[PDB]
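The next block is protein-v3.pdb, given as PDB, N, CA and C atoms.
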ATOM      1  N   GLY G   1     116.228  90.110  88.024
ATOM      2  CA  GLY G   1     116.415  91.376  88.711
ATOM      3  C   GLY G   1     116.877  92.464  87.740
ATOM      4  N   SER G   2     116.008  93.446  87.545
ATOM      5  CA  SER G   2     116.313  94.548  86.648
ATOM      6  C   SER G   2     116.386  95.857  87.434
ATOM      7  N   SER G   3     117.157  96.792  86.898
ATOM      8  CA  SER G   3     117.319  98.087  87.536
ATOM      9  C   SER G   3     116.036  98.906  87.390
ATOM     10  N   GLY G   4     115.577  99.434  88.516
ATOM     11  CA  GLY G   4     114.367 100.237  88.527
ATOM     12  C   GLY G   4     113.543  99.970  89.789
ATOM     13  N   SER G   5     112.494  99.179  89.616
ATOM     14  CA  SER G   5     111.622  98.839  90.728
ATOM     15  C   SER G   5     111.223 100.106  91.486
ATOM     16  N   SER G   6     110.048 100.616  91.147
ATOM     17  CA  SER G   6     109.540 101.819  91.784
ATOM     18  C   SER G   6     108.433 101.458  92.775
ATOM     19  N   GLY G   7     108.592 101.948  93.995
ATOM     20  CA  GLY G   7     107.617 101.686  95.041
ATOM     21  C   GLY G   7     108.170 100.702  96.073
ATOM     22  N   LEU G   8     108.284 101.184  97.301
ATOM     23  CA  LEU G   8     108.795 100.361  98.385
ATOM     24  C   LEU G   8     108.258  98.936  98.234
ATOM     25  N   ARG G   9     106.946  98.815  98.380
ATOM     26  CA  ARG G   9     106.298  97.520  98.264
ATOM     27  C   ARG G   9     106.965  96.688  97.167
ATOM     28  N   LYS G  10     106.997  97.260  95.972
ATOM     29  CA  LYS G  10     107.602  96.585  94.835
ATOM     30  C   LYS G  10     109.052  96.232  95.170
ATOM     31  N   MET G  11     109.832  97.267  95.444
ATOM     32  CA  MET G  11     111.233  97.080  95.779
ATOM     33  C   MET G  11     111.406  95.966  96.814
ATOM     34  N   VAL G  12     110.739  96.144  97.944
ATOM     35  CA  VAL G  12     110.810  95.165  99.017
ATOM     36  C   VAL G  12     110.494  93.777  98.455
ATOM     37  N   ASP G  13     109.367  93.696  97.764
ATOM     38  CA  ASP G  13     108.941  92.439  97.172
ATOM     39  C   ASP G  13     110.118  91.804  96.429
ATOM     40  N   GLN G  14     110.734  92.602  95.570
ATOM     41  CA  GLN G  14     111.869  92.134  94.794
ATOM     42  C   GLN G  14     113.036  91.782  95.719
ATOM     43  N   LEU G  15     113.335  92.707  96.618
ATOM     44  CA  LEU G  15     114.421  92.508  97.563
ATOM     45  C   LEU G  15     114.389  91.067  98.075
ATOM     46  N   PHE G  16     113.291  90.733  98.737
ATOM     47  CA  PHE G  16     113.122  89.397  99.281
ATOM     48  C   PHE G  16     113.232  88.339  98.181
ATOM     49  N   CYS G  17     112.432  88.528  97.143
ATOM     50  CA  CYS G  17     112.428  87.601  96.022
ATOM     51  C   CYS G  17     113.879  87.241  95.693
ATOM     52  N   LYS G  18     114.690  88.276  95.535
ATOM     53  CA  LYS G  18     116.095  88.083  95.219
ATOM     54  C   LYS G  18     116.760  87.282  96.340
ATOM     55  N   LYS G  19     116.884  87.926  97.491
ATOM     56  CA  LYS G  19     117.497  87.287  98.644
ATOM     57  C   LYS G  19     117.035  85.830  98.719
ATOM     58  N   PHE G  20     115.724  85.660  98.794
ATOM     59  CA  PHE G  20     115.144  84.330  98.871
ATOM     60  C   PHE G  20     115.771  83.399  97.832
ATOM     61  N   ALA G  21     115.957  83.937  96.636
ATOM     62  CA  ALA G  21     116.544  83.168  95.552
ATOM     63  C   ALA G  21     117.980  82.791  95.918
ATOM     64  N   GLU G  22     118.742  83.803  96.310
ATOM     65  CA  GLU G  22     120.129  83.594  96.689
ATOM     66  C   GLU G  22     120.273  82.288  97.474
ATOM     67  N   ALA G  23     119.567  82.226  98.594
ATOM     68  CA  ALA G  23     119.607  81.047  99.440
ATOM     69  C   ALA G  23     119.247  79.815  98.607
ATOM     70  N   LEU G  24     118.244  79.987  97.759
ATOM     71  CA  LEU G  24     117.793  78.901  96.904
ATOM     72  C   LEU G  24     118.876  78.588  95.871
ATOM     73  N   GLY G  25     119.751  79.561  95.664
ATOM     74  CA  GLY G  25     120.835  79.403  94.710
ATOM     75  C   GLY G  25     120.318  79.488  93.272
ATOM     76  N   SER G  26     119.609  80.573  92.996
ATOM     77  CA  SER G  26     119.055  80.788  91.670
ATOM     78  C   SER G  26     119.551  82.121  91.105
ATOM     79  N   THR G  27     119.483  82.229  89.787
ATOM     80  CA  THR G  27     119.919  83.440  89.112
ATOM     81  C   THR G  27     118.752  84.417  88.962
ATOM     82  N   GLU G  28     117.613  83.872  88.560
ATOM     83  CA  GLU G  28     116.421  84.680  88.374
ATOM     84  C   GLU G  28     115.697  84.873  89.708
ATOM     85  N   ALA G  29     114.747  85.798  89.703
ATOM     86  CA  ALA G  29     113.978  86.088  90.900
ATOM     87  C   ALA G  29     112.804  85.110  90.994
ATOM     88  N   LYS G  30     112.311  84.943  92.213
ATOM     89  CA  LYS G  30     111.195  84.044  92.452
ATOM     90  C   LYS G  30     110.256  84.667  93.488
ATOM     91  N   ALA G  31     109.108  84.031  93.657
ATOM     92  CA  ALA G  31     108.120  84.510  94.609
ATOM     93  C   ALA G  31     108.351  83.833  95.962
ATOM     94  N   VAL G  32     108.483  84.661  96.987
ATOM     95  CA  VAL G  32     108.707  84.158  98.331
ATOM     96  C   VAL G  32     107.408  83.556  98.870
ATOM     97  N   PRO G  33     107.439  82.213  99.080
ATOM     98  CA  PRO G  33     106.276  81.507  99.589
ATOM     99  C   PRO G  33     106.085  81.772 101.084
ATOM    100  N   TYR G  34     105.602  82.969 101.383
ATOM    101  CA  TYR G  34     105.370  83.358 102.763
ATOM    102  C   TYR G  34     104.640  82.252 103.529
ATOM    103  N   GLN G  35     103.930  81.425 102.776
ATOM    104  CA  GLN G  35     103.184  80.327 103.369
ATOM    105  C   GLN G  35     104.143  79.280 103.939
ATOM    106  N   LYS G  36     105.008  78.781 103.069
ATOM    107  CA  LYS G  36     105.980  77.778 103.471
ATOM    108  C   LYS G  36     106.728  78.267 104.712
ATOM    109  N   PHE G  37     107.021  79.560 104.716
ATOM    110  CA  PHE G  37     107.730  80.162 105.832
ATOM    111  C   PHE G  37     106.829  80.268 107.063
ATOM    112  N   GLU G  38     105.529  80.293 106.804
ATOM    113  CA  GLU G  38     104.554  80.391 107.877
ATOM    114  C   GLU G  38     104.284  79.010 108.476
ATOM    115  N   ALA G  39     104.132  78.035 107.590
ATOM    116  CA  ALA G  39     103.871  76.671 108.016
ATOM    117  C   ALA G  39     105.180  76.022 108.469
ATOM    118  N   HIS G  40     106.277  76.696 108.154
ATOM    119  CA  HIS G  40     107.591  76.198 108.520
ATOM    120  C   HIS G  40     108.532  77.376 108.782
ATOM    121  N   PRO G  41     108.194  78.155 109.845
ATOM    122  CA  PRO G  41     108.996  79.309 110.212
ATOM    123  C   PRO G  41     110.295  78.879 110.896
ATOM    124  N   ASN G  42     110.267  77.673 111.445
ATOM    125  CA  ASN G  42     111.430  77.134 112.128
ATOM    126  C   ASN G  42     112.422  76.599 111.094
ATOM    127  N   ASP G  43     111.882  76.214 109.947
ATOM    128  CA  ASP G  43     112.705  75.685 108.873
ATOM    129  C   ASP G  43     112.966  76.788 107.845
ATOM    130  N   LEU G  44     111.878  77.320 107.306
ATOM    131  CA  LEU G  44     111.976  78.378 106.316
ATOM    132  C   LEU G  44     111.742  79.729 106.994
ATOM    133  N   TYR G  45     112.772  80.562 106.953
ATOM    134  CA  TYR G  45     112.691  81.881 107.557
ATOM    135  C   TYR G  45     113.726  82.829 106.945
ATOM    136  N   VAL G  46     113.836  84.003 107.549
ATOM    137  CA  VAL G  46     114.779  85.002 107.076
ATOM    138  C   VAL G  46     115.629  85.490 108.250
ATOM    139  N   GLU G  47     116.816  85.977 107.918
ATOM    140  CA  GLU G  47     117.730  86.478 108.930
ATOM    141  C   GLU G  47     118.219  87.879 108.559
ATOM    142  N   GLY G  48     118.781  88.557 109.548
ATOM    143  CA  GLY G  48     119.290  89.901 109.339
ATOM    144  C   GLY G  48     118.146  90.895 109.129
ATOM    145  N   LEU G  49     117.016  90.586 109.747
ATOM    146  CA  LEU G  49     115.845  91.440 109.636
ATOM    147  C   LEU G  49     115.927  92.550 110.685
ATOM    148  N   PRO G  50     115.088  93.600 110.477
ATOM    149  CA  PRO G  50     115.058  94.727 111.395
ATOM    150  C   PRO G  50     114.333  94.360 112.692
ATOM    151  N   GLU G  51     114.782  94.973 113.777
ATOM    152  CA  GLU G  51     114.189  94.721 115.078
ATOM    153  C   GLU G  51     112.756  95.256 115.121
ATOM    154  N   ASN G  52     111.911  94.536 115.845
ATOM    155  CA  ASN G  52     110.517  94.926 115.975
ATOM    156  C   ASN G  52     109.851  94.887 114.597
ATOM    157  N   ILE G  53     110.359  94.000 113.754
ATOM    158  CA  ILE G  53     109.825  93.853 112.411
ATOM    159  C   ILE G  53     109.869  92.378 112.008
ATOM    160  N   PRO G  54     108.654  91.783 111.872
ATOM    161  CA  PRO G  54     108.543  90.385 111.494
ATOM    162  C   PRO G  54     108.840  90.194 110.005
ATOM    163  N   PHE G  55     108.549  88.994 109.524
ATOM    164  CA  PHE G  55     108.779  88.672 108.127
ATOM    165  C   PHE G  55     107.464  88.359 107.412
ATOM    166  N   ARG G  56     106.912  89.384 106.779
ATOM    167  CA  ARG G  56     105.661  89.232 106.057
ATOM    168  C   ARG G  56     105.752  89.910 104.687
ATOM    169  N   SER G  57     104.646  89.852 103.960
ATOM    170  CA  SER G  57     104.589  90.453 102.638
ATOM    171  C   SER G  57     104.844  91.958 102.736
ATOM    172  N   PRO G  58     105.244  92.549 101.578
ATOM    173  CA  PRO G  58     105.523  93.975 101.524
ATOM    174  C   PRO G  58     104.227  94.787 101.532
ATOM    175  N   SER G  59     103.154  94.135 101.108
ATOM    176  CA  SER G  59     101.855  94.783 101.061
ATOM    177  C   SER G  59     101.332  95.011 102.481
ATOM    178  N   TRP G  60     102.069  94.475 103.442
ATOM    179  CA  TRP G  60     101.693  94.610 104.839
ATOM    180  C   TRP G  60     102.607  95.662 105.473
ATOM    181  N   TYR G  61     103.903  95.418 105.362
ATOM    182  CA  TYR G  61     104.887  96.332 105.918
ATOM    183  C   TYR G  61     104.455  97.787 105.726
ATOM    184  N   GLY G  62     104.695  98.582 106.757
ATOM    185  CA  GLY G  62     104.337  99.991 106.715
ATOM    186  C   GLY G  62     105.175 100.739 105.677
ATOM    187  N   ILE G  63     104.840 102.008 105.496
ATOM    188  CA  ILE G  63     105.550 102.840 104.540
ATOM    189  C   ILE G  63     107.010 102.978 104.977
ATOM    190  N   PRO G  64     107.191 103.315 106.282
ATOM    191  CA  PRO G  64     108.524 103.481 106.836
ATOM    192  C   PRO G  64     109.198 102.125 107.057
ATOM    193  N   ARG G  65     108.375 101.136 107.372
ATOM    194  CA  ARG G  65     108.876  99.793 107.611
ATOM    195  C   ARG G  65     109.640  99.285 106.386
ATOM    196  N   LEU G  66     108.977  99.361 105.241
ATOM    197  CA  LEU G  66     109.578  98.916 103.996
ATOM    198  C   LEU G  66     111.014  99.437 103.913
ATOM    199  N   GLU G  67     111.126 100.749 103.768
ATOM    200  CA  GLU G  67     112.430 101.384 103.676
ATOM    201  C   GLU G  67     113.392 100.771 104.696
ATOM    202  N   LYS G  68     113.012 100.879 105.960
ATOM    203  CA  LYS G  68     113.828 100.343 107.036
ATOM    204  C   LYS G  68     114.410  98.995 106.606
ATOM    205  N   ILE G  69     113.530  98.141 106.103
ATOM    206  CA  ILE G  69     113.942  96.822 105.652
ATOM    207  C   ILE G  69     114.938  96.969 104.501
ATOM    208  N   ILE G  70     114.583  97.829 103.558
ATOM    209  CA  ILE G  70     115.433  98.070 102.405
ATOM    210  C   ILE G  70     116.824  98.493 102.882
ATOM    211  N   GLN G  71     116.833  99.328 103.910
ATOM    212  CA  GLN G  71     118.083  99.814 104.468
ATOM    213  C   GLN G  71     118.944  98.642 104.943
ATOM    214  N   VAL G  72     118.277  97.661 105.534
ATOM    215  CA  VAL G  72     118.966  96.483 106.034
ATOM    216  C   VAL G  72     118.817  95.344 105.024
ATOM    217  N   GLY G  73     118.301  95.693 103.856
ATOM    218  CA  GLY G  73     118.101  94.714 102.802
ATOM    219  C   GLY G  73     119.441  94.224 102.249
ATOM    220  N   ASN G  74     120.506  94.864 102.712
ATOM    221  CA  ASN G  74     121.843  94.505 102.274
ATOM    222  C   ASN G  74     122.458  93.524 103.276
ATOM    223  N   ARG G  75     121.788  93.391 104.411
ATOM    224  CA  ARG G  75     122.255  92.494 105.454
ATOM    225  C   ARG G  75     121.282  91.325 105.624
ATOM    226  N   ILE G  76     120.142  91.446 104.961
ATOM    227  CA  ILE G  76     119.123  90.411 105.030
ATOM    228  C   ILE G  76     119.734  89.072 104.610
ATOM    229  N   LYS G  77     119.134  88.002 105.112
ATOM    230  CA  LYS G  77     119.606  86.665 104.799
ATOM    231  C   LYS G  77     118.417  85.703 104.767
ATOM    232  N   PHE G  78     118.529  84.701 103.909
ATOM    233  CA  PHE G  78     117.476  83.710 103.773
ATOM    234  C   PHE G  78     118.021  82.296 103.985
ATOM    235  N   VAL G  79     117.458  81.623 104.977
ATOM    236  CA  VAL G  79     117.876  80.267 105.293
ATOM    237  C   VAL G  79     116.841  79.278 104.751
ATOM    238  N   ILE G  80     117.341  78.279 104.038
ATOM    239  CA  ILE G  80     116.475  77.266 103.461
ATOM    240  C   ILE G  80     116.743  75.924 104.145
ATOM    241  N   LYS G  81     116.282  75.825 105.384
ATOM    242  CA  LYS G  81     116.464  74.606 106.155
ATOM    243  C   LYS G  81     115.910  73.420 105.363
ATOM    244  N   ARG G  82     114.779  73.658 104.715
ATOM    245  CA  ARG G  82     114.139  72.623 103.922
ATOM    246  C   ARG G  82     113.540  73.223 102.648
ATOM    247  N   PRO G  83     114.348  73.177 101.556
ATOM    248  CA  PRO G  83     113.910  73.711 100.278
ATOM    249  C   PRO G  83     112.898  72.776  99.611
ATOM    250  N   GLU G  84     112.995  71.503  99.964
ATOM    251  CA  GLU G  84     112.099  70.502  99.411
ATOM    252  C   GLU G  84     110.643  70.944  99.576
ATOM    253  N   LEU G  85     110.379  71.590 100.703
ATOM    254  CA  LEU G  85     109.038  72.068 100.994
ATOM    255  C   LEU G  85     108.505  72.844  99.787
ATOM    256  N   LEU G  86     109.406  73.576  99.150
ATOM    257  CA  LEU G  86     109.040  74.365  97.985
ATOM    258  C   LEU G  86     108.752  73.429  96.810
ATOM    259  N   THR G  87     109.468  72.314  96.794
ATOM    260  CA  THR G  87     109.300  71.333  95.736
ATOM    261  C   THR G  87     109.490  71.987  94.366
ATOM    262  N   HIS G  88     110.751  72.173  94.004
ATOM    263  CA  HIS G  88     111.081  72.784  92.728
ATOM    264  C   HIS G  88     110.468  74.185  92.656
ATOM    265  N   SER G  89     110.719  74.849  91.538
ATOM    266  CA  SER G  89     110.200  76.190  91.331
ATOM    267  C   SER G  89     109.452  76.263  89.998
ATOM    268  N   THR G  90     110.194  76.025  88.927
ATOM    269  CA  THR G  90     109.616  76.061  87.594
ATOM    270  C   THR G  90     108.331  75.231  87.547
ATOM    271  N   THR G  91     107.400  75.687  86.721
ATOM    272  CA  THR G  91     106.129  74.999  86.575
ATOM    273  C   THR G  91     105.372  75.532  85.357
ATOM    274  N   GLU G  92     106.040  75.479  84.214
ATOM    275  CA  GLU G  92     105.446  75.950  82.977
ATOM    276  C   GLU G  92     104.898  77.367  83.156
ATOM    277  N   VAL G  93     105.809  78.329  83.122
ATOM    278  CA  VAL G  93     105.433  79.723  83.279
ATOM    279  C   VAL G  93     106.565  80.614  82.763
ATOM    280  N   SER G  94     106.182  81.601  81.968
ATOM    281  CA  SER G  94     107.150  82.527  81.403
ATOM    282  C   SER G  94     106.564  83.939  81.364
ATOM    283  N   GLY G  95     106.838  84.689  82.422
ATOM    284  CA  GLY G  95     106.345  86.052  82.521
ATOM    285  C   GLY G  95     105.598  86.271  83.838
ATOM    286  N   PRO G  96     105.313  87.569  84.127
ATOM    287  CA  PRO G  96     104.607  87.925  85.347
ATOM    288  C   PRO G  96     103.118  87.588  85.236
ATOM    289  N   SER G  97     102.751  86.471  85.847
ATOM    290  CA  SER G  97     101.368  86.026  85.826
ATOM    291  C   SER G  97     100.619  86.586  87.037
ATOM    292  N   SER G  98      99.472  87.188  86.757
ATOM    293  CA  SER G  98      98.656  87.767  87.810
ATOM    294  C   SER G  98      99.284  89.072  88.304
ATOM    295  N   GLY G  99     100.512  88.954  88.787
ATOM    296  CA  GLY G  99     101.232  90.111  89.292
ATOM    297  C   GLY G  99     102.366  89.687  90.225
TER     298      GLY G  99
END

Show how you would write the structure in this file as structure tokens.
Amino acid sequence: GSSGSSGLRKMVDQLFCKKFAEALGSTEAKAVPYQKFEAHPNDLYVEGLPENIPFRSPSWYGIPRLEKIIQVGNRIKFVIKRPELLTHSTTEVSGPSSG
């Protein structure tokens, strides 16, 4: 997590990445497996989200939606009922691959 992040989408992306990590108990940022959360929304999900606002990628969230989330991004929470689903994180990678 570095200071900057320009663009809601980006910011939001990071926001979650971070939060998501927190629950995971990591120092560095990671990619939120929206899939795992989709195939296991009862296990893997988020808390402290905005009303009338689900939990999806930032590339989906509206322009105003993002911010709204960012506003409550300080109250957001990530529950890892089953982290195993993620099955570790590291996998021979150093740097932003693809994006």

Let me make sure I understand: among G:25, G:73, G:33, G:1, which one has the smallest atom-to-atom distance to residue 86 of chain G if we use all atoms listed in the file?
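Closest to residue 86 of chain G, using all atoms listed in the file: G:33.
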
Pull out every residue that the PyMOL selection byres (((chain G and resi 47-60 and name CA) around 8) and name CA) matches in the shown coordinates and put them as a PyMOL selection string.
chain G and resi 8-10+12-13+34+45-46+61-62+65-66+68-69+72-73+75-79

Considering all atoms listed in the file, state which residue in the set G:30, G:88, G:18, G:81 is at the smallest distance from residue 44 of chain G.
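Closest to residue 44 of chain G, using all atoms listed in the file: G:81.
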
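Using only C-alpha atoms, the smallest distance between any of G:42, G:98, G:89, G:2 and residue 14 of chain G comes from G:2.
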
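Proximity of G:20, G:80, G:15, G:31 to residue 99 of chain G, computed with only C-alpha atoms, is greatest for G:31.
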
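Atom pair atom CA of residue 29 of chain G / atom CA of residue 17 of chain G: separated by 5.6 Å.
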
DSSP on the backbone, strand (DSSP E or B) only: what residues of chain G does that give? Format it as a list in words.
residues 44, 45, 46, 47, 77, 78, 79 and 80 of chain G

Go ahead and compute the interatomic distance for atom C of residue 27 of chain G and atom N of residue 74 of chain G, in Å to one decimal.
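Separating atom C of residue 27 of chain G from atom N of residue 74 of chain G is a distance of 17.4 Å.
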
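Proximity to residue 36 of chain G was assessed for G:4, G:85, G:70, G:97 counting all atoms listed in the file; the smallest distance is recorded for G:85.
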
Hey, which of G:43, G:38, G:63, G:16 ends up closest to residue 82 of chain G? Count only C-alpha atoms.
G:43

Which centre and edge lengths in Å to one decimal define the box along x, y and z that fits every listed atom of segment 27-43 of chain G plus 5 Å per side, as AutoDock Vina command-line options?
--center_x 111.6 --center_y 80.9 --center_z 100.3 --size_x 26.7 --size_y 20.4 --size_z 33.8

DSSP alpha helix (DSSP H) selection over segment 26-76 of chain G, as a count of residues only
15

Atom-to-atom span, atom CA of residue 37 of chain G and atom CA of residue 90 of chain G, Å
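Rounded to one decimal, the two atoms are 18.8 Å apart.
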